[PDB]
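**Student:** What follows is a single structure, and I will ask about it in a moment.
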Amino acid sequence: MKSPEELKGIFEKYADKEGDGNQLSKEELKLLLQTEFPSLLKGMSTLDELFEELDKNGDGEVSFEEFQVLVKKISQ
């Protein structure tokens, strides 16, 4: 969605590796940049503050409602 089928993709590929492909988790956010740009998860203390930067109780999941702050991280 943020690019030619590059953002909505994570949301069906890794978001799908776990349950539906319309929700994410910590084991499928990292794989995102890794495929597109692994070092996109900077901001220091990353690998975790990317989860709270979107939701605060997803329960370890990130639906496309919280995966939006990342949608502006692919296009470029």
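Residue numbers start at 1 in each chain; chains themselves are named A, B, ... in the order of the structure tokens; ligands are numbered from 1 in the order shown.
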As an NGL selection string, please: every residue in range 12-58 of chain A that a backbone DSSP assignment puts in alpha helix (DSSP H).

**Tutor:** :A and (12-18 or 30-35 or 49-52)

**Student:** Which residues, written as a ChimeraX atom specification, have at least one atom at most 10 Å from residue 53 in chain A, with only C-alpha atoms counted and residues fewer than 6 positions away on the same chain left out?

**Tutor:** /A:66-67,69-70

**Student:** With N, CA, C and O atoms retained, write the just-selected residues as a PDB file, in the first residue's frame.

**Tutor:**
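The resulting part04.pdb:
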```pdb
ATOM      1  N   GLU A  66      -1.954  -0.513  13.726  1.00  0.00           N
ATOM      2  CA  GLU A  66      -0.706  -0.065  14.413  1.00  0.00           C
ATOM      3  C   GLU A  66       0.465  -0.223  13.441  1.00  0.00           C
ATOM      4  O   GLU A  66       1.525   0.341  13.627  1.00  0.00           O
ATOM      5  N   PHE A  67       0.268  -0.986  12.401  1.00  0.00           N
ATOM      6  CA  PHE A  67       1.344  -1.200  11.390  1.00  0.00           C
ATOM      7  C   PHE A  67       1.376  -0.018  10.416  1.00  0.00           C
ATOM      8  O   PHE A  67       2.033  -0.066   9.402  1.00  0.00           O
ATOM      9  N   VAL A  69       2.270   3.215  11.260  1.00  0.00           N
ATOM     10  CA  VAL A  69       3.485   4.022  11.545  1.00  0.00           C
ATOM     11  C   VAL A  69       4.658   3.428  10.756  1.00  0.00           C
ATOM     12  O   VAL A  69       5.666   4.068  10.535  1.00  0.00           O
ATOM     13  N   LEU A  70       4.517   2.203  10.327  1.00  0.00           N
ATOM     14  CA  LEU A  70       5.592   1.528   9.539  1.00  0.00           C
ATOM     15  C   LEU A  70       5.292   1.670   8.049  1.00  0.00           C
ATOM     16  O   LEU A  70       6.171   1.554   7.229  1.00  0.00           O
TER      17      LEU A  70
END
```

**Student:** I'd like to know which of A:50, A:74, A:62, A:1 is closest to residue 18 in chain A, using only C-alpha atoms.

**Tutor:**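 Selected residue with least distance to residue 18 in chain A: A:62.
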
**Student:** Using only C-alpha atoms for the distances, tell me which of A:68, A:76, A:57, A:63 is nearest to residue 40 in chain A.

**Tutor:**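 Comparing A:68, A:76, A:57, A:63 against residue 40 in chain A, the winner is A:76.
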
**Student:** Any idea what's packed within 10 Å of residue 41 in chain A, counting only C-alpha atoms, ignoring anything in its chain fewer than 2 positions away? Could you give it as a PyMOL selection string?

**Tutor:** chain A and resi 29-30+32-34+37-39+43-50+70+73
